[PDB]
Structure formats: C-alpha cells, structure tokens
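Engineer: Provide a 3D model corresponding to the input given below.
(6 chains)
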Amino acid sequence: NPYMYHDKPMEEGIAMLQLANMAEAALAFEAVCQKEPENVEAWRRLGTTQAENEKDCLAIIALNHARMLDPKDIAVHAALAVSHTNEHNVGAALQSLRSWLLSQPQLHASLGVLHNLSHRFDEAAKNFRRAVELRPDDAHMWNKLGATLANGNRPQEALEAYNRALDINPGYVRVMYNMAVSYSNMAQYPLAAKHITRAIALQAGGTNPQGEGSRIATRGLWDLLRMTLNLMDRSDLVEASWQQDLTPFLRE
Amino acid sequence: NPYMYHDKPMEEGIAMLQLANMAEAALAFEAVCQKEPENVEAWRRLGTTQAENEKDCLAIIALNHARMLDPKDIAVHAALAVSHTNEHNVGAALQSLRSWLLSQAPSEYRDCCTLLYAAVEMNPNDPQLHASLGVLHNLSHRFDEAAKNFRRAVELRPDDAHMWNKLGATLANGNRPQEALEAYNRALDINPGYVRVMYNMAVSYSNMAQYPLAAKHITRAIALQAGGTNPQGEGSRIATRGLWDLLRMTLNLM
Amino acid sequence: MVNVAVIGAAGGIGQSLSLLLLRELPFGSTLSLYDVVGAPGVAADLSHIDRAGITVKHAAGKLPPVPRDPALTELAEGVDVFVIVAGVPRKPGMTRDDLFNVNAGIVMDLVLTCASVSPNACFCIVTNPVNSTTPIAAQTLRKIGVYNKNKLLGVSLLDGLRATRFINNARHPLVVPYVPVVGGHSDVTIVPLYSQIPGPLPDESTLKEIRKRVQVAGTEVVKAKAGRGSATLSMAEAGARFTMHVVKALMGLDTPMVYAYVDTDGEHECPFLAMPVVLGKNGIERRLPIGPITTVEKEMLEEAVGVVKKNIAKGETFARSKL
Amino acid sequence: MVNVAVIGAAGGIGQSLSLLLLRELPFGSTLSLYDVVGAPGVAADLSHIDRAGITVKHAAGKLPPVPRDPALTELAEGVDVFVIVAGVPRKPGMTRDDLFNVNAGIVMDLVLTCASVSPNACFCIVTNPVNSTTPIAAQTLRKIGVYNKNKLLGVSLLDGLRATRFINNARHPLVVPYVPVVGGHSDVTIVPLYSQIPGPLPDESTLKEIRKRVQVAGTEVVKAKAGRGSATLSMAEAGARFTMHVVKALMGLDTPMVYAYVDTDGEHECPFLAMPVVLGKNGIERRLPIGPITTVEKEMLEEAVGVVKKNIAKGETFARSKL
Amino acid sequence: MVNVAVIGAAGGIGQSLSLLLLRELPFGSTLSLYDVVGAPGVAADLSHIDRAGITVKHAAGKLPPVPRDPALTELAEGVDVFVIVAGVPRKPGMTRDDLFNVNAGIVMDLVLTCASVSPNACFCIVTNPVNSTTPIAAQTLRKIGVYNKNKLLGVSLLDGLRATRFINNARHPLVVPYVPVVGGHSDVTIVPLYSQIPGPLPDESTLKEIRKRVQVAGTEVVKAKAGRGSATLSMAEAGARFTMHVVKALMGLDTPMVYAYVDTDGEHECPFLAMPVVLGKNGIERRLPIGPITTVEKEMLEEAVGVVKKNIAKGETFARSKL
Amino acid sequence: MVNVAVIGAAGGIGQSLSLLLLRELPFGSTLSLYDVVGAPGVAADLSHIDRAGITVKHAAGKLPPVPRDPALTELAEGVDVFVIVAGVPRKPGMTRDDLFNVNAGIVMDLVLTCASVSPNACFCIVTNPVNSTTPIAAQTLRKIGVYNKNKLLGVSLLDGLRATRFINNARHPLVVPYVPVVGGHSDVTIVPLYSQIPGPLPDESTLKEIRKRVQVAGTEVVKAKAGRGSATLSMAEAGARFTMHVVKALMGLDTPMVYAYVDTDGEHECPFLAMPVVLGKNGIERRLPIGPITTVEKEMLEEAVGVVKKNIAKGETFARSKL
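Structural biologist: Numbers count the residues shown, from 1 in each chain, chains lettered A, B, ... in the order given. Structure as follows:
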C-alpha cells in the first residue's frame, strides 16, 4: 500500500492521545499535518506525538523544523532535550536547554534530564520524585521515574512506576520497552520476549501495514528482535526474524 | 665449410700449412674429415692446425674424435694436453698427458710430474718431453723453470716456430715482455703466419703501455683469425667474438 | 610500513604507553595519536625526542563528544594495529557494575568508527571491563559485516606478570620467565597453573594466599591510592609488551606463543576464554590445549567457566538505550 | 650494587621517569622513592612488574611541608645517587611566573638534609632554573662543610636531544648520534655548536633559524597546551639517559662523554658553564676544552657568558640572604 | 626474504665468518654455503645449533675445478648477497703480483657463474689484494651487461678498525667509536684522518708513529706467525660486521654510513677510492665528500692517489697470455 | 675486575672459542691466552679488533712438552675462569685406547700446574672424553689437598643444543628455548627429557627416532668429514655460552639454572651425573631433583647410570697410577 492518502481525524487523534495506541494516532497526526508542514503548531504536535512511539530519527527532524521558525515556544525547546539526551550531541542538548530557559513544572524535569545526560543517577531520580509529587499525572514523565532508575541497576523499584504509566495510556511504547529490558536483565528470557513481541505487534498493528508500513525508522525497531537470539537458537526462527512477520508462533 | 667443394683437399691442407695462414688449411682438413670420417691422420692434422690457429675449444673436439679413431696416436694425445691446459680442464689435461705417455689437486700433479721426470730421465734428449714438462710447469704456475725448459726446447731443434712462441708465453706471464718480444720476432722470422705470436706481442704491448701497437696487432690477429673468407668460416665465429671484445677492453684502456 | 594507532593518548595510561612504544618500535615505523583533549600536547611533546626513523603524526579531538568524528575517520587510513585504551579511569568508590555502561558505549562507538576504513587491521583491547567488553567488540564486528575470528585479543598479561613476580619472590634465587594463567580476567576467573612450571613448588596451602593475592591485587592497588585512581603504570607497561609482540609477529621477525583472551572454536564450550595461542604472519594460527591439570585447579577452572558464561551473556545482552 | 633514590616521585617528571628507570638498572639494584603525597600510590604500581633482582622501597612525606622531615632522613641511608626533581609548580595557572624563591627554598631545605647523612654521594639537578639553582646547591653544600667539585651534576641533555633531533630532521638519510651544545639551560643563553659534526652542513640562511628554534622550546610546547602544564615526557627521557650514564660510570663499566652544566675549576672567568666532560669512576675525571669555535657563534657564547654571570650572581645573592 | 651466500668455507677466513653470521642474522633468513671441498663438514657442523628460523643449504664442489661448476648453479639461485672470500692467502716467496695472477682468474669465473643466475644481487670482496681485484670483478661483470655501479662494494673496514683501536689505546680514557680512513688497502695507500675526531690530540711526534703503525700491521703479524697462517680471525670480524650493514640496508631497518672502498663515479680523479658512503634499500645512494684535510694528509693523499692509479692499471688490464 | 684464562687457544676449537669470548665479554675483563705452538701469533692477532678496556695477555711454551713449565705459572695469578680446550688431533687417534691415554696426561698436568698456585678459581673442562676426564680432574684436585665440590664444572650443554633444534624441526611452528638432558656425554649414555616440555608432544613412534638421532648425531658429522676433525664449531659455541654464563654468575648479575656434568652430594646414586643446578656468587648454590619422568625414560635411566658408573670406575682406576 504505497499510497499516502489518509483521512483527517485531528479531533479523533487529540482524543485518542490517552485512550488508544500511539501508532494509529501518529499516522493520523502525520496525515493531518502533511498538508502544510510549515506552521509551528503542526510541527510541534508532530514532535510531541512521535515522542511516545519510538521514531526519534524523524522526531528530531520535526522538532528541529519547528524550532528553526520560533525561538520562543516552550514545548519545542523542551522535547529536544530528552531525545538528544538519549542518543547523542551532549553539547547540543545543553545549548537547547539554555535556549529553553532563556525565553522567560518542567524545570525539575529539565534539571533531571540534564543530570541524566552526564551519567548521574540516584539523584536525578530524587529530583523527578520530588517533581512528580507536585503533579502526580502526565505519565510521559513517569517513564523517566523508572527509566533513569532502571539503568542505575535497581530493576525492582523501576517496575512499579511503569505500570502506573501503563494504565493512563497503553500506547506509550516506551514503558513496555523498559519493562522488557528490565525483565531481560534477570535471565528470565520469556518474560522479556513476550513483552517485546507484544510491543512490536501493538506498534505495528491496526492500520500500520497499510500506507507504506515500511517507514525507515521501523528498521531501528526490527533489530530489537535479535537481542535474545543467543537463547532462542533455533534455525527455524532466526531466519524468519529478518523479515519481521510475527505471524510464525504468533506470540503464543 | 668452403673446402667441401674440393674432392682432394688433403694436398691443399698439407701444402698451405707453411705458405699462408693455417685457418683455411684447417678447413681443408675439416673437408677431408667430413668426407673421410675414418682417417686418423686427417683428424690429427686438423687438431694440430686448430691448436696452431689458437682455437682450443674446437681442437679438443677434433682430437677427441681422432682419439676415438685411434687411441694410441702420438700427436693427437700431445696436442690434447696443451689445449686442455689452456682451457683449465685439468683432469682432461692429465688424461691426455697419461695417454701421450702411454701411446709411446696435489696428488694428481705429483703423479704427473713424477711420470714426466721418469720419462725425461730415460730420454734426456727429446724436445717433446721437455715441451710437456714446460706445459706442466705452466699448469703449476711456475713459469721461471718453464722458461728454461722451453729454452732447451728451442735449442735441440731450433728450426720451428711453435715452441719458440711457447718460451715467450712463459716470459709473457712473468711480466718480462721486452725480451720475449725479440724472441717473438725470432718466431715471426721462422714463420710469419703464426697468429699466436702476434697475440703474445699484443699482450706485450698492453703490458708495457703501447696502446697503438697493441690495438693494431689485435686487429691484425682478428683479421688473420677469420681465415680470409670469414663468411665461409665454421668455428671461427664461436670464440672470436671474445677476441673482438678483447679489442673493446683494449680501447677501454685508451 | 607498520603503523600502530593508539586510541586515547592524553589519559593517565595513554601517555605512558606512547612513551614506552616510542623506545622499542623498529626503524621506519609510525605512530598515530588521537584524543578528544590533549592531543596537541603529546603530539608536539614526543616529536622533540631523538629516535631516528620514527614519525609521529596525530589527530586533534573535537567539541564535546559526537559520534562518528571525522578526524578519527581520516586519521585511521593505512593502519595495521589498533590499541583501544580510551575509557573512564575509575569512579570514586563504585564497584565495576556501574562502570560497565560508559565504557561499553565508548568502545562500541570507537570500534564502529575505526573498523569502517581498515577492517584488515588487528584490534587489541586494553580497557578494563575486559570479559564483558570483548564480546561487545565481537558483536560490533559481526553487525558491521566484517569480522576475523583470528584477529581480536584481550590483554591479560598483567596477571601473569603478577603471578611470576610473586612466585619469584617466594622462591629466590630461582627464576622463571613465564607462568601460565587461564580463565577470564576480572576478579576470580583468573587461575594460575603453578603445577605446569619447572622447579619444585614449595608446599600446598602456601599457594592459596598467592592465588588470593593474584586476584585481589587490583583492589589492593586501588585501596593503596585511597580511591583516587587505578594502576596506571603496571597496566601501561604490559600493554606495550603485548603490542610489540603483535607487531613483531606481523612483521614476521618472530613467532611467539602468548596467553590471551580470544574466541574459542573446538575447545571449552565458552565462546571466549584466556587460552594459550601462537601468533604468526596472519593473526592466530594454532590454538593450544590447556594440558594436564590437577583437580584442585580443575574445580577452580570449572567455577571460572561458570562465571565467564554469565559475564559473556551480560556483555552480549547489554543493549541499553532505555529511551 | 647501587641504591638510586628519586626525590619527589609523584609528579609529571615523577612517575614517568621512575617507570623509565625501573626497566634499565642492572640486576641486583635497589630503588628508593619519596614525596610528600602519593608515595604509596606509585610504590604499589612498581611492586608488580615481572622483573626480578630489583627491590622497591618508599617513604611517606609529612604534611603540610615540614622542615627536616625525619622520614626522608631515615630513607636516605646507604644511598649512592640522588635525583632531585621534586618541587615543581608546572605553570600553576598564572601568566606571570615569578617567586622562584619558592623553588629555591624547597630545594635547599631537602638538599641540606640529604647531604647531612650522605656526604660523598653524587647529586643531579633537574629542577629549574638549573642555571641559578646549581650555584644555590653548591653554596648550601659549602655551608655544611662537605663539598666536592667533582660529584655535582646538572642536567642539560634535553637541549642536546632537541638540537640533534632538529638537525637530523633536515638531512636525510645521514644520521648523527649527538650534537654539542654549550652555554646555559635557558633562553638564548644556550648555543649549539654545529661546526663539529661530520658531513656537509646547510647554508647559514637555514642554519640561523634552526639555531633559533632550539632556543624556543618551552614556549613551543606550552602554546600548544593552552597554558595547562608544559613539556613533561622529554625531561623524563633526558633524566633517565643521564642517570643511566652516571650509574654505569660508578660501576666502572663505562667511561662515556657527557655535557654537564658544572663548575669550571680555573678555566673560564665564569665559575659555571656547560663544558663537555668524561665521567669515568669517582665522578668527573677530565674536563675538556671547547675546541675550535666559528666567529659567528663567538659573540653568541659571549652573550651566554654575560647572562650566566648575572644568573649566578642572583643565585648567590639570594642564597646569602638566607642562612 | 633475504639469502646470503659464502663462497669458500674451508679456510680460516670462511669458517669463522659463517659461524658469526649464523648466530646474528635476523629471523626467517636463509644461509647458503659453498666450497670445493669440506662443504659437508661445515654444513653438518652448523645444523646442530639451537637458533630457530635458520635454514642451511650447501652444495659441495668438484675435483680439478672445471669452469661453470654445476654445483654453483642451482645453489646460487634466489640469493641476495654474495661474499667472495675464496682464494689462497700469501705464501713464502710468491711476490705480490704473483698472488694477483693466482687470484684474478679464481675470482673471474666465480663471479661469472653468479652473475647470470641473479643480476640483482649485491657483491662483496674480502680477499687481498682487493685494491686490484675490485676492478677485475667490475670488468667481469661489465662484459655481460648487468653491471650496476650502486651494488658493488669492497670490504676494507679492517684498516679503520685498527686505527680506531690504536687511537683509543692512546688518548685513554677517551672512547671514540670510529676514525675516518681513505685510500686503498695497501701498505702506502691508506690515509687515516686524525684531524676530524672529537677531543684534543697528542704531540705531532707521537702521532707520526701512530700513523706509521697502521700501515704495516700485517707485516709484524706475518713476522709473528711466518710459519703457517697469518691473519684470519680479525679479517673475519670485519666481514660479518660489514655484511649485516648491507643486509639491514636491504631490509630497511638501518641506513648507516660506511667507509667501503667503492667506485667514486666522478667524485674524485681516481676511478676507485675509499670514501664515506651511505647505504640504502637499493645500495649506494649518496657519496659524502671527504671534507677538510690538514698539512701532512695532503701529501699522503697525493702519493696514495698515484700508487692506487698504478695498482688499478696493474689490475683491470689483465690478459692471461694463454701459452 | 674479572679474568678469563683460556688454555690451548691455538688449536681448532680454541680459535673460535677465543674469538667468540673476546668480542662480547663485558668491560674491564682480561683475556689470558696460552698454547704450545702458535700462541704468540693468535695473541697478536687478538689486539687489532676494537674494544673498550679489554686488555690481552699471553704466554708461550716450548716445542717439547715440559712438566710444570714456568711460562704457564707466569699467567696463573689473579685468574678465575679456566676454560680448557686442550686435546689431540683426531687422525692420530685411530684406536680409542690410545686417545684416552694421551688426553688424560695433558689434562692432569695442566690442571695440576694451574691449581698449584691459585686454588680458588673455577674450571670448565671442555676436552673430549668429559665423563672420563672430569673424574680425573676431581681426583687430582683431591690429591693436591684442596677441593671444592661447587667449584668444578664440565661442559655437557651441547646435547641441549642438539635436542632443541630437532624438536623445532619436527614440531612447527612451536618454538622452545631449552630441553633437559640427563646422563653422561657418551653417544648412547644420554636421555632427553621431552615429557617436561609444554605443548602437544608427537607420537612415540617418531619420538624413538628423534631420541635415536640425538644418540647418533655425533657420528654422521665425522663420517661426512672422512676422518678429519670432530665437530669443531658447535662445541666452541656451547663452551662459549656456558663459560659466559659462569662469568656472569660469578659477577653477580644473574642467578642461572643450568645443566652441567657435576658431582652429586647424595641427590642421586651416581657419584657424578648431569642434573640441573643453580649457580651464584660462589659457584653452584642449589641442586635440583630430576623430576617426574615417563616409563620409557624410566627404562633408559638404568643403562644410563650403569654405563656412567662404568666410565667413572675406569677413570678412577686409571687415576692413582701415575700421580
């Protein structure tokens, strides 16, 4: 299905941003913003919507496109902070945070992200916890509550917050990513394999295959399957993974 | 071979030996040999003529063929030794010497010199034995005594050229070239058609820095070694190149 | 001709390693020093030393770290040996599990950048989380597309040096040049085969404290410095010897037998182990058996196998992005 | 049997020089390390090398800097060679470098207590400014009453290495092992003699700039480092080579020829200069004349002596000010 | 990679040379021997030494040496260095010229055979009267058309060796590595240069005798052992100490400067003389000018030039009148 | 500081032995040669090679041998090393009975004269029938009234060289630097120990042949020489290496463990044997046990010790008959 034509449910997309998947919502937002991809609102909404479903490669591009035309918005300068912190450009993240603070709730979040950048844990989690107490909502940052703690070699504590972020919005694939990697860091391989298969199925189910379900960012999502290959060493399934059908063994 | 067209070249080779260059007499003997591969005398004279023409490589083969025809010939065996001595085929020289002694390496040279001393003792007056002794001293790199041996050799039979030149050669290697020079002339007096004496005189010129005389005599020797009919030659081209190259090194001196 | 390239030279170990290699390399060799901060200093500080024939080039760093640095990419042309020594020195009072992540990331980036230009060159690891890092290099080499199963080595000569020093101390004036050591590298996987050397060993229950010391020496050094650095000289010297051995074997002027940490094939089921090998004109050429051992060290070897299995599993399954 | 004892083996000219010194001494020797901070941290790293026959001992330095520290006083027994390199600020972070009185005081305070227990040892001066420090050391030794004009050495070999490297870099493939250098251990007060090496020499146009470049080395190295430290490894190499020559000389195993900034003993008006000498046994034995001198370098040597006399006067005046 | 061939391993001048080569040649080399007689005796006595990486090949000769011995071919194939050492030394009576008449032919064929099978190999000459045999070898080589001016050398290091020993024995203690010597290798053809070494010099009167002793050393040696054998060991110590240089120059691990009696190629009036030359990968690369000379050296050089010209004339012009 | 007194250096092996020893001995060593004929010539020939601080001294006997000549006693003062290579030409030795008589007399006379004045040096016998000559030396030393068990050694290192090469020839490319040999020095009375070498040993079928080759390697070299000489160069190399090891042990620069045919204090039943021993400042410092061996070697030891006992019994029976 090479076609790009999709309906324009902007109301439905903003309604489903918490009560449905972030894959169909992302497709709908891309469809509604593809008409005139130059305004600040469409670009910032696109970036915020790609923040949940992991396609940071295009998300960074969208956020930069939003930023270059408005050095005053408080959201576009905030989203770039976390995404760049995760991958790379240490200096660029700091410069972006300085520009974000030079245009005047999320202050503690930015502080904790900056600390998390230069491999600082057990205190950025403290800052997040003191921040989340003031606003025990917006599960988007609850992931951080676990994430910045899950890589600090403390898995059991990181699990709880994860499920807390799961109930509000099931489509926030980052939480299941984190629980999958945490389960993998126990030598209980099925507990992680089941979760990662569920995550890829949900992120690719629905209307994802239709309308060029061959997005390039999905490549960075396929390799995630070949992590526990070392303990799924069966020739039948190792070769099937390079095509990502998921129909074989159907998660059960 | 230009002499193949002549049905009776034996008399040609016999007569021309003294009157002019030995080269074409050797080719007449070659014609006799290729026409009569059984006559020992033809091959013997061919080998002696090739030794006379200063071509040790072909002389060895011709005398070997003569030895197959007759393993008891005298002149065949003697001329083998000197050609082998000049070619440094020492073992070949020794077997030729013992064959000549029969036809009539410390240990090997000792045996040869004892044989020569015993033969000379019973035959005090014999030019051939003294010539063999001088040639053996030539192998021994003892040229002073070889000079006296050839001086006696040129005394008992003072009417011939070959042995005379041999004496000069012993003086040639000893860096005493001037005296042998007149002896060279003396040999040239006895026979004006002996290329070897001109070769030795050119060596003398080179020793005493007579570059023009050396060059002209080397060119004369090259001219006389081609036989006068160089396009019809057979064995001349085999080694004469080096002789030609010799003149080259001579011009490299000047 | 031959051109060694050290990755990271301005650290507490890179400078000493470069200085040591600047006094044994054969005539006509070449060095290539790269570091984010401090490259010009070592560059126009070791260039003013008289050792005829050796040329010293360098590549400067860049802004705060960015992946796929062009300077390293252009520098790495025409290199035969890579010496990876770039890593975080030590954390003030934190055990090794925390230290794993930053070193894993930096070594992955460095190997990915270096292998993309000169795959045929050999790689020598001299970081610190060895056991769990060599499989990361193997995985990176498999992922990029080129991987030689006979050109990859983890330095472990330091523990052998410690073992031979201790046994020489306890048995003076008797002298032995080398002592075999087998296993992994980190804390307990090391086991020395004292029964495999000539000369009468002193007594049982007296080698037990030696075997404990050859495993607790690193933490003893860290304690002696009051938690403000690690052994920055002893490991800086053994690496020089190993690099020279590799280079000399490449040049064909010697065929040495050395104990290293290399991927297995055939022998003990662990994918990686520290087993004796022999070098040659092209990587490794003949892997050797462990040989006759005693049950007292056989149980230790089995326990070390059990530990290194999990170590390699963790190294292969690190795969951490978290976001 | 020699007992070389480095002083201040925890700086940049510390650990590196100590490591270079470890793997060169003849079998059957003994090191001795000391500093105010970091002595165990460097002694531990040297107690692990495989080499046998050489022992390592260290002493701890009191804090804050005390006078007549009894620790070093107990370490300084039975010593034969001293290598004073301690007390370096290494551009402490200011564009103005003054108060050399700090270095003067921190060299006298230790040299007096070192000499008080080892009278007939052999000294080496590596701490800057050699030119002035050396007379301060001589005056301090005179104050005690036990001084020798033969057993005092100043290290100037670094500029010799620099000059030899710079002249080798421009003529290839011709190679010369060394190039004579006289004068001081400072700015233009240093002059190299290029008219004593074999082979044709380059024309004066490129000779003057090469001679200039030798004078500017500290600036050359600092400007690349952006004020963070200075050249470190080169000084360690020069000190290592010089102390090798000295140790080999005290055994009678070699009588080499060196270029030592030492007293003159009635050969020049200036009491000190860098005059080529031969060591042999029992310290310096025969002093050698400079030899033929080109007219072009004659005025350079005149300026060098004119600066050295003023530097010696400064060093003596400051020494006389204190007790 | 490298293969050397020694022509003559029966006399004392060949056995010690091969023995000293074998224990010093680099790893992975091949050594080839040859002699008319005694070849098995040495090829079996040198295969029982514990040096790894060395392969010994041999091919014995034949009685009454014939021309183009088949033993030489199939043996001198794939050889990089030849050392013509064969030839009987001086014997009672048998003046200087006579020996020349003995040796040239022995050299001639021995060079003719080796030229065809390898027209890229360097040559060395060790037997006296080398002053005159080198033109003989050049004439033999140029007859084929594969004569290379940059790959022909004449080993004469012995005279400079003796002069260095004498001068060291003199100004002791003052060690000097080498002293320049030019000219030939005959009695009155060698011109030493004592005006270029560093350090002072003794009185002229003693220096005259020091120079005199150099030129006639072989005379008192033969007077000491006129019975049988004159001097073989020391000459051997020359050739090995020379050969490695060339060998290294082939490998590319050293580019030294030597004083071999080589072709001047227009640098001087005389066709052949001993000049300071530098060796590279391809052989002769640059010829160093003789530099300044003093008073008596001018007269000595002027007479030596004429004597050497006479020697060359008595040399390269050879006819062998052929009885 | 040290002295090496070579005896009989003008023979066949002696020339190479002296040439090897002089060129590599350390600074300050004196070399005292001696022989019956030709000693002055070789002594003069050993004063033209360049060296630093190596003096050469010599003496000379007479054409008719004389018991206790005064010339030798003039070179036996201040001497510590007594490498003895005096022997007999092989050709006038057709029957082994006569060869034993002539060598024993010269060995006893030389050792008696040497030890009459300096009963504190060390002797290294390198004649020929070692296992038989060494007990003669022990007997005469006991007869002179002074004896020291740890100051008398015999050369048997040659078998190690022979065995080491052969394994390297078969097992490739594994290289080993040593291999023990236990027993005498007769053709058959030796036992290689290949169970103590690391790495995978070959099958016993080829091991028997390899042992056989070592047990016969002495003969084929003689056969190829057609009754001329006996393996001259190889024993020279072995003796040189052993003597230099002894010299360096005496100088206190190394503590070596070597195999030498020595006397046993009770470690084994045989009064004299060849077992590993550790040298030092006073000769042999510590003996060593043989170590574990396999069945076939356990089978060889019985005949080895039996024939060794027979040889030493023959030697001691020959003793006391002309003392």
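Engineer: Please report the distance of residue C:131 from residue C:94.
Structural biologist: 18 Å (CB to CB, to the nearest Å). No exception for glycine: its C-beta is placed from N, CA and C like everyone else's.
Engineer: Which residue of the two possesses the greater neighbour count?
Structural biologist: When neighbours are counted by other CB atoms under 10 Å in any protein chain shown, residue C:131 and residue C:94 differ, and residue C:131 comes out ahead with 25 against 10.
Engineer: Residues in contact with the one helix or strand the more buried one maps to: which ones?
Structural biologist: In this structure, residue C:131 sits in helix C:130-144 according to DSSP states H and E. Outside helix C:130-144, the residues within contact range by CB atoms under 8 Å, 6 or more residues apart in numbering or on different chains are C:100, C:103-104, C:107-108, C:111-112, C:115-116, C:123, C:125, C:127, C:147-148, C:152, C:154-156, C:184-186, C:189, C:261, C:263, C:271-272, C:308, C:311-312, C:314-316, C:318.
Engineer: Then stretch A:79-89?
Structural biologist: Contacts of stretch A:79-89 (CB under 8 Å, 6+ apart): A:44, A:47-48, A:51, A:56, A:59-60, A:63-64, A:67, A:92-93, A:96-97, A:100, A:110, A:113-114, A:116-117, A:144, C:65-67, C:321-323.
Engineer: Check stretch C:298-313 too.
Structural biologist: A:187, A:230, C:131-132, C:135, C:182-184, C:186, C:188-191, C:268-273, C:290, C:293.
Engineer: If we go by neighbour counts, what in that stretch is buried?
Structural biologist: Residues of stretch C:298-313 classed as buried by neighbour count (16 or more other CB atoms under 10 Å in any protein chain shown): C:300, C:301, C:304, C:305, C:307, C:308, C:311, C:312, C:313.
Engineer: One more: stretch C:201-215?
Structural biologist: The neighbour-count check on stretch C:201-215 (16+ other CB under 10 Å) flags C:207, C:210, C:211, C:214, C:215 as buried.
Engineer: what separates the fourth one from residue C:300, distance-wise?
Structural biologist: Using CB to CB, we find residue C:214 at a distance of 12 Å from residue C:300.
Engineer: cool, the first one as well?
Structural biologist: Separation of residue C:207 from residue C:300 (CB to CB) stands at 12 Å.
Engineer: Among the contacts of helix C:130-144, the buried ones, what's the ChimeraX command?
Structural biologist: In ChimeraX, a selection of the buried entries from the contacts of helix C:130-144 looks like this (16+ other CB under 10 Å):
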select /C:100,103,104,107,108,111,112,115,123,125,127,147,152,154,155,156,184,185,186,189,261,263,271,272,308,311,312,314,315,316,318
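Engineer: Let me see the residues that make contact with whichever strand or helix holds residue A:63.
Structural biologist: Taking DSSP H and E as the criterion, residue A:63 maps to helix A:56-68. Applying CB under 8 Å, 6+ apart, the external contacts of helix A:56-68 come out as A:37, A:40, A:43-44, A:46-47, A:50-51, A:73, A:76-77, A:79-80, A:83-84, A:86-87, A:215-217, A:220.
Engineer: Make a ChimeraX selection of the buried ones in those residues.
Structural biologist: To isolate the buried members of these in ChimeraX, using 16+ other CB under 10 Å:
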select /A:40,43,44,46,47,50,51,73,76,77,79,80,83,84,86,215
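Engineer: circling back: CA atoms only for the helix holding residue A:63, dumped as CSV, please.
Structural biologist: C-alpha atoms of helix A:56-68 as CSV (Å, rounded to 0.1, in the frame of the first residue of the first chain):
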residue,chain,number,x,y,z
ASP,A,56,13.2,9.6,17.3
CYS,A,57,15.1,9.9,14.0
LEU,A,58,12.1,11.6,12.3
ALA,A,59,11.0,13.2,15.6
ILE,A,60,14.3,15.1,15.9
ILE,A,61,13.9,16.4,12.3
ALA,A,62,10.3,17.5,13.0
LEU,A,63,11.4,19.2,16.3
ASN,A,64,14.3,21.0,14.6
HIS,A,65,11.9,22.2,11.8
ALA,A,66,9.6,23.5,14.5
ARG,A,67,12.4,25.2,16.4
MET,A,68,14.1,26.9,13.5
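Engineer: tell me which residues in it are buried?
Structural biologist: Applying 16+ other CB under 10 Å to helix A:56-68 flags A:56, A:58, A:59, A:60, A:62, A:63, A:65, A:66, A:67 as buried.
Engineer: Among those, which one sits closest to residue E:197?
Structural biologist: Among the buried residues of helix A:56-68, residue A:60 lies closest to residue E:197 (CB to CB), at 72.8 Å.
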